[PDB]
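Okay, here we've got a single chain as structure tokens, the form deposited in one PDB entry, with questions on binding and movement later.
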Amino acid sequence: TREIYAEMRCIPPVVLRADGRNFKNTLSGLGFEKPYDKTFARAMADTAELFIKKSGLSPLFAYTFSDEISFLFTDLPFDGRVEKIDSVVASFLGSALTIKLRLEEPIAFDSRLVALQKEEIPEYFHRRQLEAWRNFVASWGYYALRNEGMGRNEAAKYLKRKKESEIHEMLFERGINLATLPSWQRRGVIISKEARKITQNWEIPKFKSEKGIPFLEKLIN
């Protein structure tokens, strides 16, 4: 039995997180608008929808931001076989996104299982939302720096020195109010099955908040 990891398994509930491999370069090459591009974001949400619709697996919902998607699973696919789940889902995502962006050169996602207790499920997504936000700010800050005639290394360097408030200040000065930028850039996008139509929510609440908590709770059941 040389296929030693082909037995490794998991238990419900689990979260599959797939992240685009080397997407910084691969998206710089093709000429995507920076720091955000609604075509790419729509491609990713459409990828998630297509997964929920035609993968033959049954996630409760997907949450996507940046170059990554997370699928909540209660019903485990492939008997919980980690290799099979990770590989198949990553492959399907690669194919789907390749279709949706009409790519001429191949791309790849990485995938990983996150084992969780049910009670922990909101926190995880909260964490992820936070990360999304932390991308948002940085993504714009960085941009502004490059627009002010800065080198890449210098921009990263300076970007580390100042914290979120100072970045807000810098961006607000130059005409960019981060609070009025679209919801999906700072909070991400939810894709879920409802009573059955698959719907994309592009205006989701902040998870750890008054409207966010029952929202997530209703998503999870």
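Heads up: residue numbers just count along the shown sequence, starting at 1. Note that the rigid core is defined as the largest set of C-alphas that superpose within 1.5 Å between two forms.
In the record comparison, residue 141 is modelled in each of the other entries of this protein that model the residues flanking it, with no third of them omitting it. Residue 191 is built in all of the other entries compared, counting only those with both neighbours built, so it is not a gap in a third. Stretches compared: 209-217, 7-15. Higher mean C-alpha B-factor in the entry: 209-217. The question of which stretch, 118-126 or 89-97, has the higher mean Cα B factor is settled in favour of 118-126. Set against one another, the Cα B-factors of 163, 53, 38, 186 in the record reach their highest point at 163. Across the options 45, 60, 27, 181, the residue with the most elevated CA B-factor in the record is 27. Among all modelled residues in its chain, residue 75 ranks in the highest third by Cα B-factor. Residue 135 sits in the middle third of its chain by CA B factor, as recorded in the PDB entry. Per the deposited record, the Cα B-factor of residue 154 falls in the highest third when ranked against the other modelled residues of its chain. Per the deposited record, the Cα B-factor of residue 81 falls in the middle third when ranked against the other modelled residues of its chain. Residue 172 sits in the highest third of its chain by CA B factor, as recorded in the PDB entry.
We do not show the form deposited in another entry, though everything after this point is about it.
Residue 53: CA moves less than 2 Å between the shown form and the other one after rigid-core fitting. Taking the rigid core as fixed, one finds a CA shift for residue 167 of 2 Å or more between the shown form and the other one. Relative to the superposed rigid core, the position of the CA of residue 38 differs between the shown form and the other one by less than 2 Å.
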